[PDB]
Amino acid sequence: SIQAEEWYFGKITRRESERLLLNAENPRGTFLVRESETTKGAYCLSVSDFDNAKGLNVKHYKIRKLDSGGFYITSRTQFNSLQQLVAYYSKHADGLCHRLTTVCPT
C-alpha cells in the first residue's frame, strides 16, 4: 500500500507540494508523491532540485498506471508498484532532475 508509505502525501496541490519542497534545508532529490491534479488514477512525483542557474526549484513528473498493471514515468521503464518505482529512481537519475534522496519534511 502507497497510502501507508511515508513519501505518499495524497491529495495536495502542486502549489502546496512546491511550498513544502522549497525549503532551503532540502537537498537535491527531496521528494513526495501526490495524486495527479487532473489525471484520474495517475500520480505525481514532485522533486526538489538545485543548480546555480535556477537555485532551489521543483520538478513534477507524472506517473501513470495501466490496467495492464505497471506504473511508469516513461512507458519504456515500468514497475509493478509505486514503491518499486520510487526505489528504482532513488538509484538512477535517468531523465529526472536528480535521483530521489529523502522524503520531504512537513
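The numbering used is simple: start at 1 and walk along the sequence shown. If you superpose the two forms and keep the largest set of C-alpha atoms that fall within 1.5 Å, you have the rigid core.
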Name the stretch that deviates more in 7 other deposited structures of this protein: 47 to 55, or 29 to 37? Use RMS CA distance to the shown form, core superposed. 47 to 55
Looking only at CA atoms, which has the higher mean B factor in the entry: 40 to 48 or 53 to 61? 40 to 48
Determine, for stretches 89 to 97 and 5 to 13, which one has the higher mean CA B-factor as deposited. 5 to 13
Tertile call for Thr74 (CA temperature factor, within chain, third-based) is the middle
Once the chain's modelled residues are ordered by C-alpha B factor and cut into thirds, is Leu82 in the lowest, middle or highest one? highest
